[PDB]
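Enquirer: Okay, structure incoming, though there's no sequence with it:
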RNA sequence: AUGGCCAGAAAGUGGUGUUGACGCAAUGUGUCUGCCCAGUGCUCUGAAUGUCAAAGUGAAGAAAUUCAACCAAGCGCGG
Ligand SMILES: Nc1nc2c(ncn2[C@@H]2O[C@H](COP(=O)(O)OP(=O)(O)OP(=O)(O)O)[C@@H](O)[C@H]2O)c(=O)[nH]1
C-alpha cells in the first residue's frame, strides 16, 4: 500500500505525447484495487483527472470495474469529485448504467447530506423523461419505489391522473408525500428542484380551501423566510407553485409572503422564473399600502 | 484480542489420552534421570 | 381488518350489520335494542373482515356517558378500523339532523387518525336532494374537513349496502398494505426479510422466448354440465350407489366394471397365475 | 388428540423405552433416544415398545444444539427386529431409524436418508411425501 | 429518584384547578436538569400525592401552584396549550394528553407556540431543533425555561444546509 | 376449475391421487368419497382407475406420468399392473421400472413436454422416462430440495414451486420449462405442493385447508375456472397476497 | 449471584464479605428478603435483566460472579445434562459483560459430554481453571463446580465464542476403520450414530480405474457400493484396456458389482488383481 | 416517537427508556499553524481562420478547425 500510493503519487504529480503514456501506465498500476483508491482522498484526486484524460476504452473498463458499488460511491464523502466528473461528460451508455442502481433508494440518498446534492444534479442535468419520472414516483409512495409499474399507460408521475385511475390511493400517497416534504422542510434543506416538483403535485391535488390546504400553506410560511421562498421562486415548479399559493392564500398569508421577500429584489428579478411570481403578485395583491411600502421602494 | 480458534478447539477436545501419555512418559523420564 | 359501525340510536346500525354479515343482531324500533358489542364477519377479495355493531352514542360529553355507550366509545378509541358513522337525513331516529352533526364533531377526537365514513341510511324515505341548501352545506362541509367520505345507502331495500361495503373494504386494504410495505422498508434502505419473501410470491416467472406450450384439453369438457346436488337429473355418482347398496364398510367395489377388453364377456374371469 | 395412529395392524415391536435409533431426516439430529411410546398400555413391569409407524417421544443425544433443548415426537421408520406383513413376508432392516415429527404429523425436515418402512409411509402422508425409497 | 411525570388524567385537572406545594429540588446523576419534589392534594381522598416534576429556571420552593385548565399563566404552573396564548414559552410539553410529558426535558430547551387552530383544536409547537410540529390543544405543558442554562456553547452549522442557505 | 377435497380426513390429495390429461389414478379405501369428487369433476371425459401400488394407498407418491405414459415401481405386483392396463386405453404406455428410488411420484414431475427428475436418478431410468413419457428430461433441484415430485406441481399451463424459491431460480426454471411459474403454498402454509395438490390442464384438486388466497393463486397460475387466470392477474391485483402472506 | 432460588449463597455472602460490600442476586422465583442483600424477581435469559443489572451496578464493575442452577430433572438425563450446560454458558456470557480484569467466575456444571466443551471456553477466556466438587455435594450426584479466574479483558469478544451453537457443536466424525470393514466384514459393528450430511440415498459408485490409481485402496473398497466399468461420457481408454484384460475374470466382475456382500477372500482377490493390473500399467508399486 | 441504534427469522418481541436534540448515538483526529520554490496539470476565460440568417426594423448569433508557460481568478496541490 505504501509503495502503491507512492508511485501513483508521482504519476499524479506528473499529470497534476506524454499524456496517454501515463494513463495506460497509471491504469495498469491501479488495475484491481479501485475501491481502495476511491477511499483514499489523494487517489480520489487522481481518478477524475484520469477519466477527463481517459482514452475511449479506459472510461468503459473503469465503469465495469466500478459496477458493483455505485451507490456506495454516492455515500462516500470523497467520491463526489469523481462521480460529478463521471456524470458531466455526456454519453448514452454511461447514463444508462449510472441510474439503475441509484434507482429505488431516493429517500435514503436525499436524507444522506452529501449524496442529496449529487442526487439533484443527476436529476437536473442529464435525466431523461423515463428515469426522471420514476424518481418522482418513488417520492409519491413506497409502493411505486418497490414495484415496477404495471402495463397501464399511466407511467408518468402526475398525481392527478394516477389517482384518477385508482382513487383509493388518495389517502396514503398524500400522507407519504406530506411526511417526506415536511421532514426536509424541518431539515431546512429546500434547495432541491425535485423537492419543488413534489411540493407542486402535492398542492395541486389538494381540494381547494380544505383544512389540509391551510396546513400546507401555513407550514410553508413557517420558517426564517430568508431561504425557502427565495429558491422555491428560483426553481420552475416552485415558481408556479407559489403563484397558486398566493391565489389560494389569505391576506394575512400574503403579508407574510412579501415580508419574507426582502433585500433580494435585484437577484430574483434577474432570474428567469422569479419575475413571474412578482408578476402574479402584482395583480392578485390587494393591500396597496404595503405594496407601495415594500415592493416599490426596493424597485423604484 | 481473541477470536474463535477452531483448530485449537479440535486439538484440545480430541487430545486427552495423548496429553496424559505425555505426562506419564515425562514422569518416567524424570524418575530414571 | 375491521369495520366499526357507530351512530345515534335508531339510525340502522344493526340492520346494516345483518345485511353484510350473518351475526344475529336484534333489530327493533326502540332506542337501545343493542346493549352490547356484536361481531360479524364478511369476505372481500379473499380476505376476512370484522364488523362490530355498537350500542349507540348520545350527544353528551364523555364524563356522564353511561355503561352501555362506553362500550361504543372504548371500541372507537382502542380499535384501529374504519369508522362508519350512520346518519339519519330524516328524523325517524328521534334525533334532529343538527344533533347528529354535533355528535359527530364531539367524537371526532376519538377518530384521531382512523378512516371515517359518513353513510346516510334510510334514504328510501327521504334522499339527499330533498334538503335545504344550508343543511346540504353543513353535511358537505363535514367532508370538507379532514379525510371523511360521504356515502348513501338504504338498508331496507338493500340499495347502497354492497357498494358501501366494497368501497370501505377496498380503502382499508390499500392503507393496510401501504403500512405493511412501509414497515418492511427500513430507513437504511435494507428491505426487511418478510418483505423479501412476499416479493417472490408476487413475482411471476415467464419464459424469455415468449412461447406457450400446447395444451391437450378434450372437446368433451368444453360441453360438460356442472354437477349440482340439488338437481333432480344429476349424475348417479359412486357415493350414491354406495349408500343405496349398503354403507361405507358394507358395499363391495366391482373393480372389473371399468375394464376395457376386446370381448366384454371376458370380464369377471379368473386369470391363471401358476402352472 | 394423542398421536396414536389408527388402522395400524399388529407387528413385532422391537424398540423398547431406552433405545437409541438413528435420525433419517436433515433436521440436524443424528440419533434419537426413546423415552416414551405413544399409545402404550398399562401393564406391570412391561417396558413400552415401538414399531415402524409408531409415534414415540425422543430426545436428541447428538446433533444440532437447538434440537437438544426439548423432547420431540418421532415416528419410527426402519426396524432391525424382523416383523411380518399381512402378505406373509417376514422382513427386517439393518438399522433403527426415525424422523422428528410435530404432534400433528408434519415432518420437521425436508428429506429422508434411506428407505422408509411401508407401514410408516402409509400411516403418515407427510413422511410418504418426503420419502425417496419405500419398501 | 423517580421519573418526571405529570398528574394522571382526571376530571378535576381537565375542568378546574388544583393547588399544590413544592418542598425541595433534588439533583440526580445522569442528567443536569434538576428534579422538583412536589406534594399534591387528592380531590377524592385525604391523601397526598408524591410526584416529581422538573424544576424550571427561576422557580423556588414554596409556591401555591395551580394545576388545571384555568390556572394562572405564571411560571411554575401548567396549562393546556389551548388556554396559553401565542408566542409563549412552554417546556416539557405532551405529544398527546396522557403521556405525562415527552418533548423538551433537557436542561434549557423550550417550546414557543406560533399559532393556534381553533376548529378541530390543534396547537402548533416549535421544537428546539428548529422543527415544526402540531399537537392537540388538550395537551399540557410546563411554562418557562427549564433550569440548567449553558446555552452559549451550541454550534449550529451544517455542511449541507450552508450550501442550501442563500 | 379448482376444487377442495380430502381423501379420508387428510388434505394431502397429491399423496392419494395422480391426475394427468388422459387418466386419473385414485386410491382404494373404505368409502367412495374420494372417487366421487374426481368423477363429479371428470364425468367420464377421461378414465378413473382405483388402484393400489405395492400394497399401498399412497399411489400418488409412487407413480408418475403424463397423458402419454405411466411408470410404476418394481415393487408393483403383476395383478396390480394388469389392473392398470385393462383399465386404461391402449394409447397410454405402462412400464414397471427397476429403480432404487422407488418413490417415483416424489422424484419425477412431468408435464406433456418436459420432465424434472432427481439428480441421483439412474441413467437407465432417465432413458426410459424420455421414451415412455416422451419428454425432455432434466436433472434439477427445487429450492435445494431433491424431491422435485413433492415440492412442485406442474401442468402445461403453468407451475407452482416451493414457497421459498428465490427469484433467480424461478427465472431459470421457467425458461427451462416453457411455462410461467409462481411461488405458492397449499393446505394453509404447507410447502409440499406435490403432496398437497394434483392438477392437469383443466382441473386441480387441493385440500380442504387451502385458504382462499392460495386457491386464487392456484387458479391464476394454472389457468382454471375459465375467467382469465393467466398469472398476470396475479401481478395485477397484489393487495390480497401481500396482506395474507406477509 | 445469577441464581439464588432459596437464597443460601446470598446468605453465605452476607456474612463473610468485607464491610460495605455489594452483593446482588437474581432469580425467577420470589426470594424472602435477606439483610444486606439485593434481591431481583427478574429472569436471567432476557436483556431486560441486562439493563436493570446495569442500573444497580452504576459504573462499577463486578469482582465475583456466582452461578448455581439446574433445570427440571427427570427426563432421561440427556435433556437435563444439556440444558444445565447451556445455562452455565449463558451465565458465563453475563459475567463477561459485568466483571473486572482478574475476576473470578464459579459455575455448577453437570458432568456430561458437554463438560469438556464448556471448559475450553473458560480456558480461552480466563487464566486459571479447576473443578472442585466440595464434600457437601452428594457423591451420587454428577454435579461439579468449575472456577475459572484471571479474566483476560479483551476489547471485544467473538460472539461465536459465546454462542451455544458454536461451542456445543459436535466434533467431526473420526476416520472410519476401513481396515476393519475390509479385513473383518463379518463383524456386526452396530451403527447408532447418524448418517452423514449430503450422502443421502446411501449409494456411491466409482470407476475401476479410480480403484486402480488410488493410494488408499482399502478406503474405496470399504466405503463404496459398486466399481463400475461403464464407459465415461467422453470415453476412457483405460476402462477399455482394463475391461479387456484377461486378469479380470467373471469372479472379479461379480465382486465389483456388489461390494457390500463381499468377504475376506473376495476383498483380498480384488487387492491382488489391482496389484497385477498396476504392474501391467506401469504404476509405481 | 407512526422515531434512531442494538439484538431477535419475525413479532402485537423487546432493550436503550427511569430517554426527548446540551440528550442519545455513529465516522475521522490524537499531524496543526508559519514561511520558502525564476515549482506543477488544468477549469473558467481568452485568440485566430473560413461560412450563413438576422420582428415588414432593436440583440450582431451560430456552424467547422487550430490553439493558450508568465502578462490582476479558481480547483488543486508536491518538496
Ligand atoms: N325505512 C328504513 N328503515 C330502516 C332502515 N334501516 C333501519 N331501519 C329502521 O330501523 C329500525 C330498527 O333500528 P336499527 O336498524 O336496529 O338501528 P340501531 O342503530 O341498531 O338502533 P336500535 O333501533 O336501537 O336497534 C327498524 O324498525 C327499521 O324500520 C332503512 O334502510 N330504511
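Expert: All right, it came through fine. Residues are numbered from 1 along each chain as shown, chains lettered A, B, ... in the order given.
Enquirer: Only C-alpha atoms from now on, for both contacts and neighbour counts.
Expert: Fine.
Enquirer: Which helix runs longest in the chain?
Expert: No chain in the question, so chain A it is. The helix spanning the most residues in chain A, taking DSSP state H as the definition, is helix A:170-186.
Enquirer: I was after chain G.
Expert: Max-length helix for chain G by DSSP H is helix G:78-97.
Enquirer: helix or strand right after it?
Expert: Next in sequence after helix G:78-97, counting helices and strands by DSSP states H and E, comes strand G:104-110.
Enquirer: Name every strand pairing with that following strand and say which way it goes.
Expert: With DSSP bridges as the test, strand G:104-110 is paired with strand G:64-67 (parallel), strand G:143-149 (antiparallel).
Enquirer: For chain A, which residue gets nearest to chain B?
Expert: Residue of chain A nearest chain B, by CA to the nearest CA: residue A:1 (24.6 Å).
Enquirer: Need the residue closest to the centroid of chain F.
Expert: residue F:198 (4.4 Å; CA atoms, centre = their mean).
Enquirer: So what are the sheet partners of whichever helix or strand that one is part of and their directions?
Expert: Using DSSP H and E, residue F:198 falls within strand F:197-200. Sheet pairing for strand F:197-200, assigned by DSSP bridges, gives strand F:203-206 (antiparallel).
Enquirer: center of the chain, which residue is that?
Expert: I went with chain A, as the question did not name one. residue A:120 (2.5 Å).
Enquirer: Can you give the contact residues for stretch G:37-49?
Expert: Here stretch G:37-49 makes contact (CA atoms under 8 Å, 6 or more residues apart in numbering or on different chains) with G:2, G:10-11, G:14, G:22-31, G:33, G:50, G:90-91.
Enquirer: Run through these and flag the ones next to chain F.
Expert: Among the contacts of stretch G:37-49, proximity to chain F is found for none (CA under 8 Å from any CA of the partner chain).
Enquirer: related to what we said a few turns ago, of all the strands paired with strand G:104-110, which lies closest to residue C:117?
Expert: Residue C:117 lies closest, by CA to CA, to one member of the strands paired with strand G:104-110: strand G:64-67, at 60.3 Å.
Enquirer: and chain C, which residues reach chain A?
Expert: Counting by CA under 8 Å from any CA, chain C comes close to chain A at C:144-147, C:170-171, C:174-175, C:178, C:181-182, C:187-189.
Enquirer: between these, which is nearest residue F:149?
Expert: Using CA to CA, the residues of chain C next to chain A come closest to residue F:149 at residue C:181, 34.1 Å.
Enquirer: anything in the strand or helix carrying that closest one sitting right up against the ligand?
Expert: Per DSSP H and E: residue C:181 is located in helix C:161-184. No. Helix C:161-184 lies apart from the ligand when judged by CA under 6 Å from any ligand atom; the minimum separation is 9.1 Å.
Enquirer: tell me the angle of that helix relative to helix A:170-186?
Expert: Put simply, helix C:161-184 runs at 30 degrees to helix A:170-186, going by axes from the mean of the first three to the mean of the last three CA atoms, to 10 degrees.
Enquirer: Helix C:161-184: what's the following helix or strand?
Expert: By DSSP H and E, the next helix or strand past helix C:161-184 is helix C:193-202.
Enquirer: If you count neighbours, what's buried in whichever helix or strand comes after that next one?
Expert: The element immediately downstream of helix C:193-202 (helix or strand, assigned by DSSP H and E) is helix C:219-222. Going by neighbour count (16 or more other CA atoms under 10 Å in any protein chain shown), the buried part of helix C:219-222 is residue C:221.
Enquirer: Show me what helix C:219-222 is in contact with.
Expert: By CA under 8 Å, 6+ apart, the list of residues contacting helix C:219-222 reads F:42, F:45.
Enquirer: Remind me what the helix or strand following that helix packs against, helices and strands.
Expert: The helix or strand immediately downstream of helix C:219-222 is helix C:238-244, counting by DSSP H and E. With contacts taken as 3 or more CA pairs under 8 Å, 6 or more residues apart in numbering or on different chains; DSSP states H and E, helix C:238-244 sits against helix F:33-41.
Enquirer: how about the helix it packs on against chain C, any contact?
Expert: Yes. Counting by CA under 8 Å from any CA, chain C has neighbours in helix F:33-41: F:33, F:35-36, F:39-41.
Enquirer: Need the residues you listed in JSON lines (columns: neighbour count and distance to chain D).
Expert: Formatted as JSON lines, the residues of helix F:33-41 next to chain C follow (neighbours: other CA atoms under 10 Å in any protein chain shown; distance: CA to the nearest CA, whole Å):
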{"residue": "F:33", "neighbour count": "19", "distance to chain D": "18"}
{"residue": "F:35", "neighbour count": "23", "distance to chain D": "18"}
{"residue": "F:36", "neighbour count": "17", "distance to chain D": "21"}
{"residue": "F:39", "neighbour count": "19", "distance to chain D": "23"}
{"residue": "F:40", "neighbour count": "17", "distance to chain D": "25"}
{"residue": "F:41", "neighbour count": "21", "distance to chain D": "24"}
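Enquirer: Specify which member of the residues you listed is nearest to residue C:68.
Expert: The closest of the residues of helix F:33-41 next to chain C to residue C:68 turns out to be residue F:33 (CA to CA; 50.8 Å).
Enquirer: Just list the residues touching the closest one, thanks.
Expert: C:238-239, F:7.
Enquirer: Now do the residue most central in space within chain B against residue E:77, distance only.
Expert: For chain B, the residue nearest the mean C-alpha position is residue B:19 (3.2 Å; CA atoms, centre = their mean). Going from residue B:19 to residue E:77 by CA to CA, to the nearest Å gives 78 Å.
Enquirer: measure residue G:60 to residue G:106 for me?
Expert: 20 Å.
Enquirer: Of those two, which one has the most company?
Expert: Neighbour totals were compared for residue G:60 and residue G:106, and residue G:106 leads with 23 against 11 (other CA atoms under 10 Å in any protein chain shown).
Enquirer: so residue C:14 is in which element?
Expert: Secondary structure assignment for residue C:14, by DSSP H and E: helix C:13-20.
Enquirer: picking that back up, tell me if the residue nearest to the centre of chain B really is in a strand.
Expert: No. Residue B:19 sits outside any strand when classified using DSSP: H, G, I helix; E, B strand; the rest coil, being helix.
Enquirer: now it: how far from residue B:26?
Expert: 11 Å.
Enquirer: by contact count, what packs against the longest helix of chain A?
Expert: helix A:129-140, helix A:193-205, helix C:161-184.
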